[PDB]
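Fold and contact review
Chain by chain, the residues run as shown.
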Amino acid sequence: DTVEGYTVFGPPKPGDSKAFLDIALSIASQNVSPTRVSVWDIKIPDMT
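Residues numbered from 1 in each chain as written, not as in the entry; some residues may be left out. Part of a larger assembly, values for the part shown. Heavy atoms only, no water.

For this coordinate set, the PDB header names cryo-EM as the determination method and states a resolution of 2.74 Å.

Encoded structure:
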């Protein structure tokens with residue numbers, strides 16, 4: 001530990017949000033992102 005074990009970096013402080021990274025990675029799932037109808041094709045509704 002004396003030579004190899006010691007590192008400048010310490011344990012994360014509370015509220016750091018780093019402790020939740022790799023819990024977010026497991027949660028993370030890719031989104032399909034489907035194709036929508038182009039805004040130029042939707043007709044604006046007539047409220048008159």
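**Brief notes about the overall build of the protein chain**
Assigned secondary structure in the protein chain consists of 1 helix and 0 strands. Each principal axis of the C-alpha distribution contributes one length, and for the protein chain these read about 80 × 25 × 15 Å. When burial is assessed residue by residue, the protein chain has 0% of its 48 residues classed as buried. Of the roughly 5600 Å² of accessible surface on the protein chain, 62% is carried by carbon and sulfur atoms. (Helix = DSSP H or I, 4+ residues; strand = E, 2+ residues; numbered from the N terminus. Buried < 20%, exposed > 50% of the residue type's maximum accessible area, 1.4 Å probe, protein only. Areas by Shrake-Rupley, 256 points an atom, 1.4 Å probe, with all protein chains shown as cover.)

**With respect to unusual backbone geometry**
Even without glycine at this site, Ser17 takes up a positive phi of about 75 degrees. In this structure, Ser17 sits in the segment before α1 (24–27). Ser17 sits in the exposed class, given a relative accessible area of 53%. In this model, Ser33 sits at a positive phi of 60 degrees, which is unusual for a non-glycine residue. You can see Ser33 is positioned in the segment after α1.

**Brief notes about a nonpolar patch on the surface**
Residues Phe20, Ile23 and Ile27 make up a contiguous nonpolar surface patch of roughly 340 Å² in combined accessible area. In this structure, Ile23 sits in the segment before α1. (Patch = residues over 30% accessible without salt bridge, like charges linked within 9 Å, V, L, I, M, F, W, Y side chains within 5 Å. Salt bridge = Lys/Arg side-chain N within 4 Å of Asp/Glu carboxyl O.)

**With respect to the environment of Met47**
Among the secondary structure elements, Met47 is positioned in the segment after α1. A sequence separation of 10 residues divides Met47 from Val37, and the C-alpha atoms of the two residues are 22 Å apart.

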